[PDB]
Each structure stands twice: as C-alpha cells, then as structure tokens.
Number of protein chains: 2
Amino acid sequence: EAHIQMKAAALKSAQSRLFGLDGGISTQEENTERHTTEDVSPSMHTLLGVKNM
Amino acid sequence: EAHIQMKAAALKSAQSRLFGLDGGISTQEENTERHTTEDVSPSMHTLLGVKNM
C-alpha cells in the first residue's frame, strides 16, 4: 500500500506524448525558376499585360 | 490500571498519517517550444487558418 501510494504521488497526472516536434523543417517549395538579365525584376520576368494608360 | 488510563487520556483519538505533502512540486510540463522573431506573438507562431473576412 505504501509503495503504491508513493508511486501515485510521484507520477501525479503525467501524460505521455508519443511525438515531439517533427524533424522535417522545410515547409516551402524550392524555387527552381531561372533568373536572367532580361528580367524586369528579380521576381518578375516581364510586365506583359501591363498598359501604361 | 492507572498507567493505562493515563496513556489513553494522553493519546486521545490521535490518528497517524503515513505521508505528508509530496515533495514533487512541479505539476506542469516543461515548455520546449522555440521562439523566433518570425512569430506573430510569444505564444503563437502564425495565424495560418485565419481569414480577414
């Protein structure tokens, strides 16, 4: 009885977790797009549909 | 007889307790979560499912 009471007091209400933080860190997708000196900007190749007025 | 009566009077109805307060104080679980400058708040990493309207 004493040992079981001691075990219950020591364990308290501890709940086991099966997993920690997942080791797969990357969530985005790799950027495979080219980048040439003809690009209007580092993020846009052209401004094709743009109308000045 | 006198000694037994004195012992009974002195002890009264004292009941022995096998345990005191348990020395294990911590009841919560340790917070192992990271905290970066990208977090929207100290308690939330992001607001992913939130819709503005």
Side-chain angles (χ1 to χ4, degrees):
Chain A
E1 168 75 5
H3 181 261
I4 286 153
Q5 297 272 7
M6 284 192 273
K7 189 180 175 183
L11 285 170
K12 269 148 189 94
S13 70
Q15 177 217 62
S16 42
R17 237 196 171 260
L18 191 64
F19 292 105
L21 177 76
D22 201 78
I25 306 308
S26 164
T27 75
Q28 263 145 48
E29 285 276 4
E30 182 207 37
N31 193 343
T32 59
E33 194 89 345
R34 67 215 181 279
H35 179 44
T36 67
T37 50
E38 299 190 346
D39 293 1
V40 297
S41 87
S43 64
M44 299 285 293
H45 298 287
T46 38
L47 307 164
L48 188 43
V50 175
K51 255 62 177 287
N52 226 1
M53 296 168 222
Chain B
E1 168 75 5
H3 181 261
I4 287 153
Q5 297 272 7
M6 284 192 273
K7 189 180 175 183
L11 285 170
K12 269 148 189 94
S13 70
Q15 177 217 62
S16 42
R17 237 196 171 261
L18 191 64
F19 292 105
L21 177 76
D22 201 78
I25 306 308
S26 164
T27 75
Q28 263 145 48
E29 285 276 4
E30 182 207 37
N31 193 343
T32 59
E33 194 89 345
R34 67 215 181 279
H35 179 44
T36 67
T37 51
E38 299 190 346
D39 293 1
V40 297
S41 87
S43 64
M44 300 285 293
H45 299 287
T46 38
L47 307 164
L48 187 44
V50 175
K51 255 62 177 287
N52 226 1
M53 296 168 222

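Numbered from 1 within each chain, the chains take letters A, B, ... in sequence-line order.
Heavy-atom neighbours of B:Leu11 CG from other residues, nucleotides or ligands within 6.0 Å: above the threshold of 12.
In this structure, the portion of A:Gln15 lying under 4.5 Å from any heavy atom of chain B is its backbone and not its side chain. Residue B:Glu33: no heavy atom, backbone or side chain, is found under 4.5 Å from chain A.
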I would like to know whether A:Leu21 and B:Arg34 meet side-chain contact (heavy atoms from CB on, under 4.5 Å); could you show each step before the answer? CA-CA 10 Å; A:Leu21 177 76; B:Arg34 67 215 181 279; 3.9 Å; yes
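A continuous path of ILVMFWY side-chain contacts below 4.5 Å connects A:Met44 to A:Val50, so both sit in one hydrophobic cluster.
The shortest distance between side-chain heavy atoms of B:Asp22 and A:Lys12 falls below 4.5 Å.
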